[PDB]
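Visitor: Structure, please.
(one chain, ligands or ions: 1)
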Amino acid sequence: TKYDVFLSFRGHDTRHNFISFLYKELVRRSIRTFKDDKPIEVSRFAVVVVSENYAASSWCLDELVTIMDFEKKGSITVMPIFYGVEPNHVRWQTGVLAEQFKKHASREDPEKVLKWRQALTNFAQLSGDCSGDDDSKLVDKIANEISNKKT
Ligand SMILES: [As]
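Guide: Numbers count the residues shown, from 1 in each chain. Please find the structure below.
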């Protein structure tokens, strides 16, 4: 309603780089987008940029769970962006996510950790995009896709 796009990302990894470019392009195409600084319920789309350290943050994972729980009941459409991490690593929490989850496991409720894993697993099964040989092309596709998709 109030926002066409809600941007979920690990600031430390992408705020000043990929996200600054994606946000600029979205605003340019007149796409109303939200991104916190250093409304998920009121956003139509959720572009989630899962970077190397996204899963290292329990806060980012909490946001992903919030988003996926809303997506499950059709309250939001999620667009996955695998940035620097393979989709299968996200799906099984392997690759760099393994060590990040070992950390979480030693300091969080086991059931909460499983809840995080569930969101990631479900997230990795949605149709999305992976970072490749050109971020500028990836940004154009995302903007174009949303642009041809908004009411
Ligand atoms: As992909």
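Visitor: count of residues packed around residue 10?
Guide: Neighbours of residue 10 under the rule other C-beta atoms under 10 Å: 21. Every residue, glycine included, has its C-beta placed from N, CA and C.
Visitor: Show me what the helix or strand hosting residue 25 is packed up against.
Guide: Taking DSSP states H and E as the definition, one finds residue 25 inside helix 18-28. With contacts taken as 3 or more C-beta pairs under 8 Å, 6 or more residues apart in numbering; DSSP states H and E, helix 18-28 sits against strand 3-9, strand 33-34, strand 43-50, helix 135-147.
Visitor: what do you get if the cut-off is 6 Å, keeping everything else the same?
Guide: Packing contacts for helix 18-28, counted by 3 or more C-beta pairs under 6 Å, 6 or more residues apart in numbering; DSSP states H and E, involve helix 135-147.
Visitor: separation between the residue most central in space within the chain and residue 109?
Guide: For the chain, the residue nearest the mean C-alpha position is residue 48 (1.6 Å; C-alpha atoms, centre = their mean). Distance of residue 48 to residue 109, given as C-beta to C-beta, to the nearest Å: 23 Å.
Visitor: nearest spatial neighbour of residue 1, skipping sequence neighbours?
Guide: residue 42 (5.1 Å; C-beta to C-beta, 6 or more residues apart in numbering).
Visitor: Please compute how far stretch 50-59 lies from its chain's middle.
Guide: From the chain centre to the centre of stretch 50-59 is a distance of 10 Å (C-alpha atoms, centre = their mean, to the nearest Å).
Visitor: Oh, that last question was meant for stretch 22-41, not what I typed.
Guide: Distance, centroid of stretch 22-41 to centroid of chain: 13 Å (C-alpha atoms, centre = their mean).
Visitor: what about that stretch, how long is it end to end?
Guide: 21 Å (C-alpha to C-alpha, to the nearest Å).
Visitor: what does stretch 122-131 give?
Guide: Terminal residues of stretch 122-131 lie 19 Å apart, using C-alpha to C-alpha.
Visitor: Now the chain against the ligand: closest residue?
Guide: residue 130 (3.3 Å; C-beta to the nearest ligand atom).
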